[PDB]
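Novice:
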Ligand SMILES: [Cl-]
Ligand SMILES: [Cl-]
């Protein structure tokens, strides 16, 4: 049926979405494409019809009727760093001063992304496309037969043609599991253009509990997809920390070990259940490696327990000041510090010896990492993750967790926030835990899982149950190790630390003119705004291509420096331009956006040049932060 259209569509898939095309070419559907009484094409299977009589008209009327209502749209309000704050404040102030105001919801159809939960035979598509003209089109269709039969009914070539320059603009997701649908949708938005989800059209093609739930999930998920890009000033701090950490002096670099060490390791967090296990840790410290995670050092040292390693994840003066207070009160003895390359440079002074690992997904990683083998996965979100992943990377396999509680044992309102969720406890029952602690818990289980079955992890903490660990009362702990074995295994660890000289610093730093790259990138974004002011989707496509595109090659230092700030600015103006009234004065607001976007890029340009000129001279993170903050 419609053989010319079928052939023409099959050709387009084979050309522009080949794997899907190949699958369509050999597919033998179980369902039947039939002409119903209304003369519309329909899908029959065991006497059941997808559309049934008047089904086409119903679905088409829904697409027509839902062009403007907020119920069938993502509505993400815009609240961010100081630069975007200034930008946003200015565009709004200039607009309101000029007599413009902002509707709660847009009065226009539009939005960058369109999400179809279900395709069916695609009767809705022509209408939705004409209304919104989306740049990103994401179709979820659990039943491959429907896509196959849609070759008879949809004009697929103009859709597939959008993949020519950028294949991420059209995604067809053939999945039946809610979990997979959710992951793929998130990934489709995230990879195409995560930041402008505002006013995304949502449409369910046919009735399905699966499709309905996926839409609800996506609506909750949509706001979070474009989060997490680092802001200019934080990237300045990360790179300054790393610069200072590697410039001078003795330090070493962490390296993954191919072989296993048999000395057990005790990973110690700051959970209060530690007081039950202090004596056991003390009685065994001679034959186990003690990894102290952040503030855990206080309780170990006050009880005469010497950490072998002290872990630090966080950047910033506050984590440093906490560590310094512990050093001042007890001293750190012979402990080696294992920290992220972005920890406060003054942390070095507190320790005889310092080893760095390279924390990924930051400007400091791209600029200073000598390679993937010197970084850690799942080193976050907290320092307990850092110690666990560091231990596994170094070769330790028998692990004991202490003070890794990540919650407290179970001991008509006005202020009604929920502070805690009930979770199964390591020693059974229930413990109350917060969201940050569950992420920490999940990262621990996940890293430990990647080293099983060689990894054997015991949790002696009276807190939450952690996957891939076995509960163990510290009274039942019996080790097979000796002090000699421990000394042997520390010698192996120590021998694996690659020393860091100035050679490494210069190799990394001198290979590119950093401020020049950044200023060049900024110039290209300014120019993009001038060339595409007024054309939301094209402008966003152009900025995304310049700033994101993480898959093809890793992000450059320049991209890490500016993408978070510029994309958040884009998110802000994109939200307000769709809502500006009077509608016939929209171009005036576009001019405001263009001009302020330039002023923002100018301020960023000057900050970058000033920052690189003085990167060495800043006495601390707080000096740097105070000065960019006070930028007049
Ligand atoms: Cl081995
Ligand atoms: Cl309980």
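Residue numbers (the numbering used here): 296 to 927.
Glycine residues also receive a C-beta, built at the ideal position from the N, C-alpha and C atoms.
What do you reckon, is the C-beta of residue 251 under 7 angstroms from a heavy atom of ligand 1?
Specialist: Outside the displayed span of the chain (296 to 927) sits residue 251, for which this structure offers no information.
Novice: With burial defined as no fewer than 16 other Cβ atoms inside 10 Å of the residue's Cβ, what is the status of residue 363: buried or exposed?
Specialist: exposed
Novice: Taking the Cβ atom as the reference point for each residue, do residue 378 and residue 895 lie within a distance shorter than 8 angstroms?
Specialist: Contact check for residue 378 against residue 895 passes: the beta carbons are separated by less than 8 angstroms.
Novice: Taking Cβ positions, are residue 494 and residue 369 nearer each other than 8 angstroms?
Specialist: yes
Novice: For residue 553, collect the residues of the same chain with a Cβ closer than 7 angstroms to its Cβ; drop the 5 residues on either side in sequence, then sort them by chain order.
Specialist: none
Novice: Mind reading off the beta-carbon distance from residue 721 to residue 744? Whole number of angstroms is fine, and I expect it under 8 angstroms.
Specialist: Actually they are not in contact, since the Cβ atoms of residue 721 and residue 744 sit about 17 angstroms apart, beyond 8 angstroms.
Novice: Suppose you measure from the CA of residue 713 to the CA of residue 576; what does that come to, to the nearest Å?
Specialist: 35 angstroms
Novice: For the alpha helix (DSSP H) containing residue 595, name the first residue and the last one.
Specialist: 592-597
Novice: Using the Cβ count rule (16 or more neighbours within 10 Å means buried), how would you classify residue 856?
Specialist: With 16 or more Cβ atoms within 10 Å of its Cβ, residue 856 is classed as buried.
Novice: Who are the near neighbours of residue 824 in its chain, counting only those whose CB is closer than 6 angstroms to its CB and skipping five residues on each side?
Specialist: 889 and 892
Novice: Quick one: residues in its chain with C-beta nearer than 6 angstroms to the C-beta of residue 653, no 5 flanking neighbours on either side, listed in chain order?
Specialist: 636, 660, 664, 669 and 670
Novice: Can you tell me whether residue 605 is buried or exposed, with buried defined as 16 or more other CB within 10 angstroms of its CB?
Specialist: Buried, since its Cβ has 16 or more Cβ neighbours within 10 Å.
Novice: Run the Cβ filter for me: residues under 7 angstroms from any heavy atom of ligand 2, listed in the order they occur in the chain.
Specialist: 704, 705, 720, 724 and 725
Novice: On the DSSP letters alone, give me the boundaries of the beta strand (DSSP E) that residue 716 sits inside.
Specialist: Run containing residue 716: 716-719, per the beta strand (DSSP E) assignment.
Novice: Among 323, 336, 595 and 360, whose alpha-carbon lies nearest the alpha-carbon of residue 351?
Specialist: The residue with the shortest Cα to Cα distance from residue 351 is 336.
Novice: Does the beta-carbon distance from residue 726 to residue 759 come in below 8 angstroms?
Specialist: yes
Novice: Checking 8 angstroms against the spacing of the C-beta atoms, do residue 921 and residue 639 come in under that value?
Specialist: Between residue 921 and residue 639, the gap from beta carbon to beta carbon reaches 8 angstroms or more.
Novice: Which stretch, first to last residue, makes up the alpha helix (DSSP H) that contains residue 686?
Specialist: 678-689
Novice: Please name the residue or residues paired with residue 293 in a DSSP beta bridge.
Specialist: Outside the shown range of the chain, which is 296 to 927, sits residue 293, and nothing can be said about it.
Novice: Quick one: residues in its chain with C-beta nearer than 6 angstroms to the C-beta of residue 402, no 5 flanking neighbours on either side, listed in chain order?
Specialist: none
Novice: Between the alpha carbons of residue 882 and residue 392, how many angstroms are there, rounded?
Specialist: Residue 392 has its alpha-carbon roughly 16 angstroms from the corresponding atom of residue 882.
Novice: Would residue 683 and residue 585 be called neighbours here (beta carbons separated by less than 8 angstroms)?
Specialist: Contact flag unset, no.
Novice: For the alpha helix (DSSP H) that contains residue 818, what are its first and last residues?
Specialist: 809-827
Novice: Spatial neighbours of residue 834 within its chain, please: CB distance less than 6 angstroms, with the 5 preceding and 5 following residues excluded, ordered by chain position.
Specialist: Around residue 834: 827.
Novice: Residue 872 and residue 812 look like a contact to me (Cβ under 8 angstroms); what is the Cβ gap, rounded to whole Å?
Specialist: Actually they are not in contact, since the Cβ atoms of residue 872 and residue 812 sit about 30 angstroms apart, beyond 8 angstroms.
Novice: State whether the segment 453-466 contacts the segment 305-323, with contact taken as three or more CB pairs (one from each stretch) at a distance under 8 angstroms.
Specialist: yes
Novice: Between residue 749 and residue 555, is the Cβ-Cβ spacing less than 8 angstroms?
Specialist: yes
Novice: Would you call the CB atoms of residue 496 and residue 423 closer than 8 angstroms?
Specialist: yes
Novice: One question on the structure: do residue 590 and residue 565 come within less than 8 angstroms of each other, judged by their Cβ atoms?
Specialist: yes
Novice: Is the segment 899-915 touching the segment 802-822, taking contact as three or more C-beta pairs under 8 angstroms?
Specialist: A contact exists between the segment 899-915 and the segment 802-822.
Novice: Please specify which runs of the beta strand (DSSP E), each continuous and at least 3 residues long, are wholly inside the segment 698-773, giving them in chain order.
Specialist: Inside the segment 698-773, DSSP marks whole beta strand (DSSP E) runs of 3 or more residues at positions 716-719, 725-728 and 751-754, from first to last along the chain.
Novice: Using a 10 Å radius around the Cβ and a threshold of 16 neighbouring Cβ atoms, would you call residue 647 buried or exposed?
Specialist: In summary, residue 647 is exposed, with fewer than 16 beta-carbon neighbours lying within 10 Å of its beta-carbon over all protein chains present.
Novice: Can you name the residues that DSSP bridges to residue 466?
Specialist: 433
Novice: Of all the options 341, 786 and 305, which has the alpha carbon lying nearest to the alpha carbon of residue 450?
Specialist: Measuring from the Cα of residue 450, the nearest candidate turns out to be 305.
Novice: Identify the continuous alpha helix (DSSP H) that holds residue 857 and give its terminal residues.
Specialist: For residue 857, the uninterrupted alpha helix (DSSP H) run begins and ends at 852-872, by DSSP.
Novice: Alpha carbon to alpha carbon, how far is residue 319 from residue 613? Give it in angstroms, no decimals.
Specialist: 58 angstroms
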